[PDB]
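Protein chains in written order, with the entry's author numbering: chain C, 2 to 76, 83 to 140; chain P, 2 to 76, 83 to 140; chain A, 22 to 59, 79 to 460; chain B, 22 to 59, 79 to 460. All C-beta atoms in this analysis are idealised placements derived from N, C-alpha and C, irrespective of residue type, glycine included. Worksheet for the structure shown next.
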Amino acid sequence: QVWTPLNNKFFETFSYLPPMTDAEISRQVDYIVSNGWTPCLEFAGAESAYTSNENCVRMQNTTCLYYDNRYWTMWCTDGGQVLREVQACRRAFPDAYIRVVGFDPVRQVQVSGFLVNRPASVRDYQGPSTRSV
Amino acid sequence: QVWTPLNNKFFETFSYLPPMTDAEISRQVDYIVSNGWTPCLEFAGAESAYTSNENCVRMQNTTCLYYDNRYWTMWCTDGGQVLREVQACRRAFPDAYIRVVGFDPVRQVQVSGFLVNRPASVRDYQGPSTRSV
Amino acid sequence: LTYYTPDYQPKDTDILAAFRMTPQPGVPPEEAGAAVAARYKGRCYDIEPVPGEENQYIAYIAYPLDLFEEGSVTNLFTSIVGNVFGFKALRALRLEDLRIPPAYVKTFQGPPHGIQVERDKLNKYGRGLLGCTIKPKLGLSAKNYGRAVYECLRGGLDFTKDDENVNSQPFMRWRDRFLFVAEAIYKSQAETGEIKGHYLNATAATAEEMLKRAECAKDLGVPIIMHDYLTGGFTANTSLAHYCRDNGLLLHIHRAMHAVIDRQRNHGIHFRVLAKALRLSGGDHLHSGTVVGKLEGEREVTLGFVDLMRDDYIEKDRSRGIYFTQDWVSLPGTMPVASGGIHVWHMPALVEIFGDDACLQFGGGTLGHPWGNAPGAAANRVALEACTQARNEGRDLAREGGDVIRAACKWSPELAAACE
Amino acid sequence: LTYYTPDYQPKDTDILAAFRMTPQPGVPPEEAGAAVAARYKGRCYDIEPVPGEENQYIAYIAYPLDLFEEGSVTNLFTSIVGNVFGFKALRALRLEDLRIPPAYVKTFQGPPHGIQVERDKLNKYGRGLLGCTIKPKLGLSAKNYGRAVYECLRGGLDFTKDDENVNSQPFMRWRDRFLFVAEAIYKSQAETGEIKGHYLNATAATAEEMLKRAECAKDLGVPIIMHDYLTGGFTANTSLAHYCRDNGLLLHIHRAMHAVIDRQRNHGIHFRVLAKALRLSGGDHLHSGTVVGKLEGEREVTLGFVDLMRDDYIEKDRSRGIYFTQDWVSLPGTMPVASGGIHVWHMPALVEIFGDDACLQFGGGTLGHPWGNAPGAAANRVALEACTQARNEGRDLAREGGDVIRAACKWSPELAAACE
Numbered sequence: 002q003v004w005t006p007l008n009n010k011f012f013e014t015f016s017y018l019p020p021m022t023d024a025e026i027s028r029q030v031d032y033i034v035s036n037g038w039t040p041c042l043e044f045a046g047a048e049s050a051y052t053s054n055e056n057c058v059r060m061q062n063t064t065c066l067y068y069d070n071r072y073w074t075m076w083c084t085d086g087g088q089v090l091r092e093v094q095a096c097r098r099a100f101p102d103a104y105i106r107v108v109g110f111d112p113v114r115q116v117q118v119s120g121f122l123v124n125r126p127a128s129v130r131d132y133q134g135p136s137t138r139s140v
Numbered sequence: 002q003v004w005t006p007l008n009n010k011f012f013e014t015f016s017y018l019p020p021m022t023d024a025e026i027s028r029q030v031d032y033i034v035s036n037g038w039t040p041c042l043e044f045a046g047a048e049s050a051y052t053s054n055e056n057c058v059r060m061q062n063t064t065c066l067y068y069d070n071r072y073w074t075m076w083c084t085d086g087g088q089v090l091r092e093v094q095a096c097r098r099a100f101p102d103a104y105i106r107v108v109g110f111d112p113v114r115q116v117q118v119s120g121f122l123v124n125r126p127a128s129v130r131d132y133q134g135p136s137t138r139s140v
Numbered sequence: 022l023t024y025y026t027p028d029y030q031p032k033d034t035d036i037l038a039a040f041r042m043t044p045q046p047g048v049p050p051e052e053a054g055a056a057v058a059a079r080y081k082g083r084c085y086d087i088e089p090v091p092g093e094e095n096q097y098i099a100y101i102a103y104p105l106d107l108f109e110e111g112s113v114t115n116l117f118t119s120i121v122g123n124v125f126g127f128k129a130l131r132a133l134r135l136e137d138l139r140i141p142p143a144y145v146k147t148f149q150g151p152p153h154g155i156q157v158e159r160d161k162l163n164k165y166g167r168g169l170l171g172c173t174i175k176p177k178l179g180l181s182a183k184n185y186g187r188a189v190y191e192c193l194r195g196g197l198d199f200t201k202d203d204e205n206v207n208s209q210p211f212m213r214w215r216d217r218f219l220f221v222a223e224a225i226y227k228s229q230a231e232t233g234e235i236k237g238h239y240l241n242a243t244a245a246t247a248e249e250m251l252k253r254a255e256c257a258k259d260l261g262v263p264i265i266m267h268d269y270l271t272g273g274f275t276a277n278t279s280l281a282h283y284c285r286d287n288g289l290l291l292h293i294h295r296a297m298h299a300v301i302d303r304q305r306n307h308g309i310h311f312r313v314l315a316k317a318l319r320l321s322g323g324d325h326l327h328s329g330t331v332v333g334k335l336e337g338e339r340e341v342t343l344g345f346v347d348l349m350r351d352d353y354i355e356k357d358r359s360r361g362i363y364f365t366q367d368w369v370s371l372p373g374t375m376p377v378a379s380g381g382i383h384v385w386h387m388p389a390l391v392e393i394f395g396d397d398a399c400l401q402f403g404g405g406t407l408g409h410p411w412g413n414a415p416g417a418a419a420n421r422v423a424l425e426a427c428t429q430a431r432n433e434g435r436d437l438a439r440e441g442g443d444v445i446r447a448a449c450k451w452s453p454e455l456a457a458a459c460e
Numbered sequence: 022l023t024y025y026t027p028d029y030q031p032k033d034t035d036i037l038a039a040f041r042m043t044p045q046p047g048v049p050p051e052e053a054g055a056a057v058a059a079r080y081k082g083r084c085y086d087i088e089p090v091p092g093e094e095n096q097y098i099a100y101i102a103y104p105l106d107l108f109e110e111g112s113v114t115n116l117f118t119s120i121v122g123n124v125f126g127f128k129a130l131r132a133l134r135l136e137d138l139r140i141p142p143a144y145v146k147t148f149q150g151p152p153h154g155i156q157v158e159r160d161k162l163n164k165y166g167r168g169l170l171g172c173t174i175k176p177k178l179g180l181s182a183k184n185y186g187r188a189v190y191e192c193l194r195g196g197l198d199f200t201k202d203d204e205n206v207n208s209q210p211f212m213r214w215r216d217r218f219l220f221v222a223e224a225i226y227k228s229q230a231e232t233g234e235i236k237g238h239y240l241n242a243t244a245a246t247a248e249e250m251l252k253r254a255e256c257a258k259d260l261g262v263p264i265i266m267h268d269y270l271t272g273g274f275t276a277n278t279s280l281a282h283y284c285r286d287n288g289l290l291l292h293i294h295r296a297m298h299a300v301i302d303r304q305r306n307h308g309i310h311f312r313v314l315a316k317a318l319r320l321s322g323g324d325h326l327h328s329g330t331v332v333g334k335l336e337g338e339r340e341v342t343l344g345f346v347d348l349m350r351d352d353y354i355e356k357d358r359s360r361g362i363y364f365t366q367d368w369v370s371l372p373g374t375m376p377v378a379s380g381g382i383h384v385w386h387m388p389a390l391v392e393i394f395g396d397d398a399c400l401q402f403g404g405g406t407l408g409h410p411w412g413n414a415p416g417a418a419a420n421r422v423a424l425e426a427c428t429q430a431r432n433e434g435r436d437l438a439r440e441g442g443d444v445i446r447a448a449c450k451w452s453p454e455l456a457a458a459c460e
């Protein structure tokens, strides 16, 4: 079989697994909470979801390690609350990818980041069986 | 609530207030005239209304403080005349944002600049209640 | 006394200083002024007693223009206040004002752009500028710092700034912060369509390192950097201001360690002299006051040094602390930045006091808005714009600020959660 | 013995070494420790016999901080192990550990970015990184090398790397390879939407040539380069690490020629000392182990040097080979890279042993997947993500790795052809 290079976009962690269900998202959020970390939600439409070099035109010397759309837009006690917020974000922005992020409150660093929602309207991604043709 | 990052463009001064009525525009123009300044009208279509880096590709060394579309196109005794010119510009260019500018005649510098018209056809901006979702 | 000449008429090129001095008992004021004064000799030409304070006099000293190095704030401060605060004959000594003759002013470059060039470059007119200090102060990673910057700027804020003590630390190296802040600035610009900026701290150990950080900011295309002039030094500041003029960068100036010199009324150098030294050395913005509760300090004194750092021609006004008429001969003005706890209902007062040519800074980091950083920034922007619109209509802000805030809140959901 | 002081208490600034030495018969251990030790004199303050080996002792040496040049791994190695392995009085000698006092650590820049800055720059969290070594080792043209890089990266791999002996040869000059690899990296980035990279080998004959190759990588905008520090030298490595910090480049470190010094148990320098020297000199990644069949070497020893090269504070643990408490005073950590034959069903074991802060390298070049390079990369990525998800759910990987692999294979056609 051949890995398809057409409409096969991916979003880093857990993006190569089948779309996670509510129970799986809940278990991941519980894992984040268990470690002592804070979960939050990021979202972006299809125009600002993938990495790009749009602003590299303004730079000189080098553009090493600079990529656009690394930041998404921010949307935290347990899995159920984060799941409710996931549904709320889905209703508010149906054409936007949702990403669950984790933040270590002591080190003040991001420790987690996995996609939990892919807009049905957008078709820039494949499915577990359509990834190979 | 969450500040919407979708179709929420803004145009500097007074852009975060609800759309100004004819009386409010008139009062602002009267304020400009009272100070001894000259009011004029700027307009631009949606393709040249927002700041952009289109011409930065032609530059080297640096692009600091350079942005495209800072200049709009020019379209002056009292509020009523400027209001009449605002209606004339609206009729002539219905799909164009209109901006009232002020110029100090002694210092020869721009002293004022507020948007007074948002084309109904264009939907790149939100409303006072739709700015948060 | 060869150095006390009450009949002397100061020349148009003399540098004049007004010293508030309290001599030791038994020392006549004329003798103390003669000592401070002591062809190239400084001379005391005028002494006036302070009405209200015992044994307190204002001594006016005239220095010849040939005494100082052209375009050197360092030399000016070395000559005027080098070793005069250590005189045993003076119980206390306080430099209150300086008169910089146009001949000297013309030897300085001044601020890189000034207020009007800043407004033209940023395309923002008719309103004050808004800024936030990213909080927490320290410990945040460059990624999280950039995330906070983007969240605050997308709300409607014109600027964000690094904390005064954030230069380059194990927790957040400076180049990582510069890159992430550049990405955040560009994202917020694309989202809102307004030109955004972040005061990147270039303050460093060596002038070479400071110029390297300025060079990185220039290579990223970002608009503005920051410097601590009272801790970095006038020599470092002047180098940075010349660089910023050469490369088209804005320069925000933070007055760290200022209270160590301008707090006590009897000893030190009044902030107005430090503000004039900054305007000579160069700076587009200068943190000029704190708003704890309300704008602190005598209003007239604040207005005096704001006018001294803004206008081109300030006439002598002892009520506001102007001891000398200051002609700036078209030197670019410096924008005052009022920082601290700028609460939403306190915006009308500061808009009335400062006007449009100032930057209001939310150095508290906001975060008081229950919804988030972005809606809090929007609420602030909505409040500032509503106050400006009311002032332009002829309203008296000091009397109708609450009414204007309420009326703006009636239609702004973001301000509704902020006004509570 | 003036150099054996068993009552000496090491200072907070002393550099401490733990030597495992076997003296010649007739030589008492105290005399041998005194010799190794021999105001600026190194002294033996502690000697413990090895329980389990005949005539084997651990000698603890304390060196004053004034003995070494600030920020110089070269000098440190010259002072500690310059000429001590050639002593006739010692049958065998092995440096086991070093204690770098914070005072010395602060004089080093350390790794250019570290683990957390790497994760933030690459925007990859919660999982280990994946890499492949382009195979065949040599003979491939720059075009074909780039084609292989693109095929492996588009599958889902985060990194690819040049072979250790691929620097610049008649068959493939370095600049052609850099250009074709840059095109491949950018194509794979555009196709998958994830940030990709390739460890470009900058190892060269002269420091000037190495810096030129780093400069080319910087001019292409590619993320990461590679260096052979034990063959290129600490002086060359430190220059490259300073350059990478200055220009925002990641630095992968390969330990070529390491077994010539860290293989024999009785003679040489233990890899943990080389890992600490690398972390001081600078490196974001450090090839730290081989997985032939399974992770080779005592697990505790591996865990010890992985913690030593990762954590900020490692307490003394003789079970894992930590002879001294190591405080890193906020020096950036180095990411360990486990390479070799990482088969799909062996992923759960390595994920359990290393966790998320490691890079698993398929130095075998994969190619075992009947479909191609890209599906093989996808299978590996699917397996790693499934193992990580299972571990996050509370599963015991060492007991359910096969079940997790099978369950992932049930829905992954690419992994189905790999699991067979």
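Given a length threshold of 3 residues, each whole run of the beta strand (DSSP E) inside the region 194-248 of chain B is given here in chain order: 199-201, 237-241.
A:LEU193 is outside the set of residues whose beta carbon lies under 7 Å from a beta carbon in chain C.
By the 16-neighbour rule on beta-carbons within 10 angstroms, A:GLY237 is buried. Beta-carbon to beta-carbon, B:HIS307 and B:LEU133 are separated by about 6 Å, close enough to satisfy the 8 Å threshold. Collapsing the DSSP output to three states places C:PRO101 in coil. DSSP places A:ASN287 inside the alpha helix (DSSP H), whose first and last residues are 274-287. In the three-state scheme derived from DSSP, where H, G and I count as helix and E and B as strand, C:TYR132 is classed as coil.
Between B:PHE274 and B:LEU320, the alpha-carbon positions lie close to 10 Å from each other. Cα atoms of A:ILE87 and A:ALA55: separation of roughly 10 Å, rounded to the nearest angstrom. Sorting A:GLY412, A:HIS409, A:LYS450, A:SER370 by C-alpha distance to the C-alpha of A:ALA143 places A:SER370 at the top. Residue environment for P:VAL113: exposed (fewer than 16 other C-beta atoms within 10 angstroms of its C-beta).
Taking 7 Å as the cut-off, the Cβ atoms of A:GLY186 and A:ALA224 count as close. Under the Cβ criterion (8 Å, minimum of three pairs), the region 23-43 of chain C does not count as touching the region 215-232 of chain B.
Taking the beta carbon of P:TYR51 as reference, the chain A residues within 8 Å of it are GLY233, listed in sequence order. In the DSSP annotation of this structure, the continuous segment of the beta strand (DSSP E) that includes B:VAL377 starts and ends at 375-379. One finds nothing in chain C with a Cβ atom closer than 7 Å to the Cβ of B:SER370; even the nearest lies about 11 Å away. Contact annotation for B:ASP160 against chain A: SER181, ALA182, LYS183, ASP216, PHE220 [CB-CB distance below 8 Å, chain order].
Taking C-alpha positions only, C:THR5 is separated from C:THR14 by approximately 20 Å. Within the same chain, Cβ atoms closer than 7 Å to the Cβ of A:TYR29 are found at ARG83, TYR85, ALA102, the five residues on either side in sequence being excluded. B:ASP324 sits away from B:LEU289, with the two beta carbons spaced by 7 Å or more.
P:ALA99 and P:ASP85 have their C-alpha atoms some 21 Å from each other. In this structure, DSSP gives A:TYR185 a helical state, which the three-state scheme calls helix.
For B:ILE301, the enclosing alpha helix (DSSP H) has its first and last residue at 299-302. Interface residue (Cβ-Cβ distance to chain C less than 7 Å): P:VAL140 is classified as such. Approximately 7 Å separates the beta-carbon atoms of B:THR173 and B:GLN401; this is inside 8 Å, confirming the contact. Neighbourhood of P:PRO6 in chain C, by CB distance below 7 Å: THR74, in chain order. DSSP, read as helix, strand or coil, puts B:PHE345 in helix.
The region 256-266 of chain A makes contact with the region 65-76 of chain P, as at least three CB pairs between them are under 8 Å.
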